[PDB]
């Protein structure tokens, strides 16, 4: 009867149609969804925080219950700051499933209030990762089918500053 707030953390480098599916799905089951972009100070993304948030907003802004925020630090401290109900993650593969079980268990020890829920992607998005998309763009392949148009354009505007 209170009000539910789920955080969806990630690097979103860049956001993909995969991520869009998950946020949309999550937006139907929870009151507020926060798309939370890990800055990644000492981890070196392709797109800046500003590009990453912008492409996210461009792609999911039409959902009234979705917020977008950059963060760094310990996910559990962010979790607490945001007074969240749970963290959402997607599970694509067996390695994902194992990493995430570990992380959830660790975070529960750091904050007993912590929680993690998981969605699995529809089969149309099961093969999409950011990394794979970077690599395909990088080799002048066509990523239109896997990402929003804004992201296509953003890839062209790095191929324009050279890349």
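Numbering follows the first chain given and starts at 1. Here, rigid core means the biggest group of C-alpha atoms that superpose within 1.5 Å across both forms.
Relative to the shown model and aligned on the rigid core, the C-alphas in 4 other deposited structures of this protein deviate most, among 120-128 and 60-68, for 120-128. Relative to one another, 40-48 and 59-67 have unequal mean CA B-factors, and 40-48 is the one with the higher figure.
The PDB entry assigns residue 94 a C-alpha temperature factor belonging to the highest third of its chain's modelled residues. Sort the modelled residues of the chain by CA B factor and residue 110 lands in the lowest third. When the modelled residues of the chain are ordered by C-alpha B-factor, residue 150 sits in the lowest third. The deposited CA B-factor of residue 7 belongs to the lowest third of values across its chain. Per-chain ranking of the deposited C-alpha B factor places residue 143 in the middle third.
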